[PDB]
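Using the authors' numbering, the letters of the sequence shown correspond one by one to residues 1 to 29.
Let me begin by presenting the structure, written as structure tokens, before commenting on it.
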Amino acid sequence: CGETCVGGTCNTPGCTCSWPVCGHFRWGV
């Protein structure tokens, strides 16, 4: 998605948290 969940919170509809950053595991956005 192009974000960062340094706090550990990125549970969005269609996106996952990837501390420090945020997005996915394959792409990372």
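Backbone N, C-alpha and C define an ideal beta-carbon position, used for all residues, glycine too.
Do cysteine 17 and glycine 8 have their C-beta atoms closer together than 8 Å?
What you label residue 17 is simply residue 17 of the sequence shown in a count that begins at 1. What you label residue 8 is simply residue 8 of the sequence shown in a count that begins at 1. Yes; because the gap between Cβ atoms is below 8 Å, this pair is in contact.
Would you check if the distance between the CB atom of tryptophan 19 and the CB atom of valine 6 is smaller than 8 Å?
Here the question's residue 19 lines up with position 19 in the sequence shown. Here the question's residue 6 lines up with position 6 in the sequence shown. Against a cut-off of 8 Å, the Cβ pair of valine 6 and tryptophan 19 comes out as a contact.
Quick one: what does DSSP say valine 21 is sitting in, helix, strand or coil?
In the sequence shown, counting from the first residue as 1, residue 21 sits at position 21. Shown here, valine 21 sits in a strand according to DSSP, grouped into three states.
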